[PDB]
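Visitor: My questions will all concern the structure given below.
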Amino acid sequence: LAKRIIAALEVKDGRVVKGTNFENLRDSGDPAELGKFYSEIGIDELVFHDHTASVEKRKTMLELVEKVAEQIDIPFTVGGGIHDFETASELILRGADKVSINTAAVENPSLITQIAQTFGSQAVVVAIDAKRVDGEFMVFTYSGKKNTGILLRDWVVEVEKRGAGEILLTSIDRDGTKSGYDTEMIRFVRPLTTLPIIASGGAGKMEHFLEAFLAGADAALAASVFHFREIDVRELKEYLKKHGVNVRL
């Protein structure tokens with residue numbers, strides 16, 4: 001099955017947060033320029049997660065989307081504080097291919113269906129942040145601050161029922177570490193859904209990507225390993241292809 005390598009760019013006020021090690025760029029903090037660069041070195045898709053203050057957030061995210069869309073021809077997803085249909089709609093119309101929803105989806109699962117009814121299931125990425133609590137995988141909202149008491153098992157099934165197109169599955173246990181993707185979590189989710197699963201959290205070395213794909217991920221997302229050039233994207237794809245993973249070269 002075909003596998004995707006996805007770069008996540010954390011943004012705020014139209015700037016990439018903590019930038020990159022790429023000396024070749026005019027501006028290593030320019031999300032559009034960085035996105036273009038990633039598409040040229042072989043990234044399959046981009047995910048932008050915005051952290052801009054409330055007063056300028058809506059306009060800032062729309063400007064980001066417009067600027068990014070001019071520079072790239074590969075799919076991109078935008079998210080971070082999308083709480084209703086109109087916000088999602090404006091972002092897709094302005095150029096995003098997909099939107100990520102998380103806290104708002106948990107609080108109002110019909111939001112998934114609402115977006116999907118106009119933009120198709122393929123436009124809706126449900127980001128699920130999960131962690132082990134007393135031996136069970138639980139869903140967390142508010143940037144991992146709130147244990148919802150909802151079992152990951154139940155939420156995955158509901159997300160697909162509501163019409164999501166893809167699940168962006170972040171293990172809070174691994175996110176920010178470089179210890180590996182949470183392959184147990186990925187394997188737990190795999191049989192519960194037909195949807196593409198984007199593995200997120202824990203990437204540290206090329207072998208972690210192989211492990212994630214063996215676990216049943218359809219895509220693997222990473223940020224700082226790419227931005228700080230711990231992993232070269234071309235080298236990663238060549239590595240994965242060598243070991244039998246169907247990646248696009």
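Letters A, B, ... mark the chains of the structure tokens in the order given; residue numbers begin at 1 per chain; ligand numbers begin at 1, in order shown.
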So which residues touch residue A:51 within 10 Å, counting only C-alpha atoms, skipping near sequence neighbours fewer than 4 positions away, as a ChimeraX atom specification?
Guide: /A:10-14,17,57,61,79-81
Visitor: List as a VMD selection string the protein and nucleic acid residues near residue A:74, meaning an atom at most 9 Å away when only C-alpha atoms are counted, but skip any in the same chain fewer than 3 places from it.
Guide: chain A and resid 39 43 to 46
Visitor: Just the number, please: distance in Å from atom CA of residue A:193 to atom CA of residue A:163, one decimal.
Guide: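 Computing it gives 11.7 Å between the two atoms.
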Visitor: Could you go through stretch 20-244 of chain A and tell me which residues DSSP, when run on the backbone, assigns to strand (DSSP E), listing them as a VMD selection string?
Guide: chain A and resid 45 to 50 76 to 79 98 to 101 124 to 133 136 to 141 146 to 151 166 to 171 197 to 200 219 to 222
Visitor: Keeping only C-alpha atoms, write those residues as a CSV table (one decimal), in the first residue's frame.
Guide:
chain,number,residue,atom,x,y,z
A,45,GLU,CA,2.0,16.7,1.9
A,46,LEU,CA,2.2,19.4,4.4
A,47,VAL,CA,0.3,20.1,7.7
A,48,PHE,CA,0.2,23.6,9.1
A,49,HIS,CA,-0.8,24.1,12.7
A,50,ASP,CA,-1.5,27.7,13.7
A,76,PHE,CA,-1.9,20.6,2.4
A,77,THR,CA,-3.9,20.6,5.6
A,78,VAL,CA,-4.4,23.5,7.9
A,79,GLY,CA,-5.5,23.4,11.5
A,98,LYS,CA,-7.9,19.7,4.0
A,99,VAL,CA,-8.7,21.0,7.5
A,100,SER,CA,-7.7,19.4,10.8
A,101,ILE,CA,-10.2,19.5,13.6
A,124,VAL,CA,-11.7,16.4,6.8
A,125,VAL,CA,-8.8,15.3,8.9
A,126,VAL,CA,-9.7,14.4,12.5
A,127,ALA,CA,-6.6,14.9,14.7
A,128,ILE,CA,-6.8,12.5,17.6
A,129,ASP,CA,-4.4,13.0,20.6
A,130,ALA,CA,-4.3,9.9,22.8
A,131,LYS,CA,-2.5,8.6,25.8
A,132,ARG,CA,-2.6,5.6,28.0
A,133,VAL,CA,-4.6,6.1,31.2
A,136,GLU,CA,-6.6,2.2,28.3
A,137,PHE,CA,-6.1,4.5,25.3
A,138,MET,CA,-8.0,7.7,26.0
A,139,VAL,CA,-8.7,10.7,23.9
A,140,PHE,CA,-7.4,14.1,25.1
A,141,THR,CA,-8.5,17.6,24.0
A,146,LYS,CA,-8.1,17.4,29.1
A,147,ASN,CA,-8.7,13.7,29.5
A,148,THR,CA,-12.1,13.4,27.8
A,149,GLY,CA,-12.9,10.0,29.3
A,150,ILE,CA,-13.7,8.8,25.8
A,151,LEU,CA,-11.9,5.6,24.7
A,166,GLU,CA,-8.4,10.7,7.6
A,167,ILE,CA,-7.2,10.4,11.1
A,168,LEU,CA,-4.1,12.2,12.3
A,169,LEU,CA,-3.2,10.0,15.3
A,170,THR,CA,-0.8,11.6,17.8
A,171,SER,CA,0.5,9.7,20.7
A,197,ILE,CA,-4.0,6.9,9.4
A,198,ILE,CA,-1.3,9.6,9.7
A,199,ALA,CA,1.2,8.6,12.4
A,200,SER,CA,2.3,11.5,14.5
A,219,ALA,CA,1.4,8.3,6.3
A,220,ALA,CA,4.0,9.5,8.8
A,221,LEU,CA,4.2,13.1,10.0
A,222,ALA,CA,7.2,14.8,11.5
Visitor: Pick out the residues sitting within 9 Å of residue A:245, and hand them over as a VMD selection string; count only C-alpha atoms, and ignore anything fewer than 2 positions along from it in its own chain.
Guide: chain A and resid 1 to 3 210 213 to 214 237 239 to 243 247
Visitor: Write out as a list in words each polymer residue whose atoms come within 10 Å of residue A:120, counting only C-alpha atoms; drop sequence neighbours fewer than 3 positions from it.
Guide: residues 98, 113, 114, 115, 116, 117, 123, 124, 163, 164 and 165 of chain A
Visitor: Would you output that residue set with N, CA, C and O atoms, as a CSV table (one decimal), in the first residue's frame?
Guide:
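Once written, selection.csv looks like this:
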chain,number,residue,atom,x,y,z
A,98,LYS,N,-7.3,20.3,2.9
A,98,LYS,CA,-7.9,19.7,4.0
A,98,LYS,C,-7.8,20.6,5.2
A,98,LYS,O,-6.9,21.4,5.3
A,113,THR,N,-19.3,15.9,10.0
A,113,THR,CA,-20.3,15.6,9.0
A,113,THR,C,-20.6,16.9,8.2
A,113,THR,O,-20.7,16.9,7.0
A,114,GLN,N,-20.7,18.0,9.0
A,114,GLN,CA,-21.0,19.3,8.4
A,114,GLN,C,-19.9,19.7,7.3
A,114,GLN,O,-20.3,20.1,6.2
A,115,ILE,N,-18.7,19.6,7.7
A,115,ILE,CA,-17.6,19.9,6.8
A,115,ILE,C,-17.6,18.9,5.6
A,115,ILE,O,-17.5,19.4,4.4
A,116,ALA,N,-17.8,17.7,5.9
A,116,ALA,CA,-17.8,16.6,4.8
A,116,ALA,C,-18.9,16.8,3.8
A,116,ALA,O,-18.7,16.5,2.6
A,117,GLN,N,-20.1,17.2,4.3
A,117,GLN,CA,-21.2,17.4,3.4
A,117,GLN,C,-20.9,18.4,2.3
A,117,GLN,O,-21.4,18.2,1.2
A,123,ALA,N,-11.7,16.0,2.6
A,123,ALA,CA,-11.3,17.3,3.2
A,123,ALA,C,-11.2,17.4,4.7
A,123,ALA,O,-10.7,18.4,5.2
A,124,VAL,N,-11.6,16.4,5.4
A,124,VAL,CA,-11.7,16.4,6.8
A,124,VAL,C,-10.7,15.4,7.4
A,124,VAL,O,-10.8,14.2,7.3
A,163,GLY,N,-18.1,10.7,9.1
A,163,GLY,CA,-17.7,11.1,7.7
A,163,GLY,C,-16.3,11.7,7.6
A,163,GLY,O,-16.0,12.3,6.6
A,164,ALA,N,-15.4,11.5,8.6
A,164,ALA,CA,-14.0,11.9,8.4
A,164,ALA,C,-13.4,11.2,7.3
A,164,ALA,O,-13.7,10.0,7.0
A,165,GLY,N,-12.4,11.8,6.7
A,165,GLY,CA,-11.6,11.2,5.6
A,165,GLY,C,-10.3,10.6,6.0
A,165,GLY,O,-9.8,9.7,5.4
Visitor: From a backbone DSSP assignment, name each residue in stretch 155-196 of chain A labelled alpha helix (DSSP H), as a list in words.
Guide: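 Taking stretch 155-196 of chain A and keeping alpha helix (DSSP H) only, one gets residues 155, 156, 157, 158, 159, 160, 161, 162, 183, 184, 185, 186, 187, 188 and 189 of chain A.
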Visitor: Residue A:20: which residues within 8 Å, counting only C-alpha atoms, same-chain residues fewer than 4 positions away excluded, as a PyMOL selection string?
Guide: chain A and resi 28-29+227-228
Visitor: Env of residue A:187: 12 Å cut, atoms = only C-alpha atoms, seq-sep filter 3 positions within chain, self excluded. Answer as a VMD selection string.
Guide: chain A and resid 153 169 181 to 184 190 to 193 197 199 211 to 218
Visitor: Near residue A:231, within 9 Å and counting only C-alpha atoms, which residues show up once chain neighbours fewer than 4 positions away are dropped, as a VMD selection string?
Guide: chain A and resid 204 to 206 225 to 227 235 to 236
Visitor: Please, could you write that set of residues out with C-alpha atoms as a CSV table (one decimal), in the first residue's frame?
Guide:
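What follows is the written file selection_19.csv:
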chain,number,residue,atom,x,y,z
A,204,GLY,CA,13.7,10.4,15.7
A,205,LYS,CA,15.4,8.4,13.0
A,206,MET,CA,14.6,6.8,9.6
A,225,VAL,CA,13.6,15.9,12.5
A,226,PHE,CA,13.1,17.5,9.1
A,227,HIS,CA,13.4,21.2,10.0
A,235,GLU,CA,17.4,9.7,2.1
A,236,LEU,CA,14.3,8.7,4.1
Visitor: Would you compute the distance between atom CA of residue A:62 and atom CA of residue A:94? Give it in Å to one decimal.
Guide: 6.6 Å
Visitor: Using atom CA of residue A:223 and atom CA of residue A:122 as the two end points, give the distance in Å to one decimal.
Guide: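 We find that atom CA of residue A:223 and atom CA of residue A:122 lie 22.8 Å from each other.
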Visitor: Counting only C-alpha atoms, which residue out of A:88, A:25, A:201, A:106 sits closest to residue A:154?
Guide: A:106
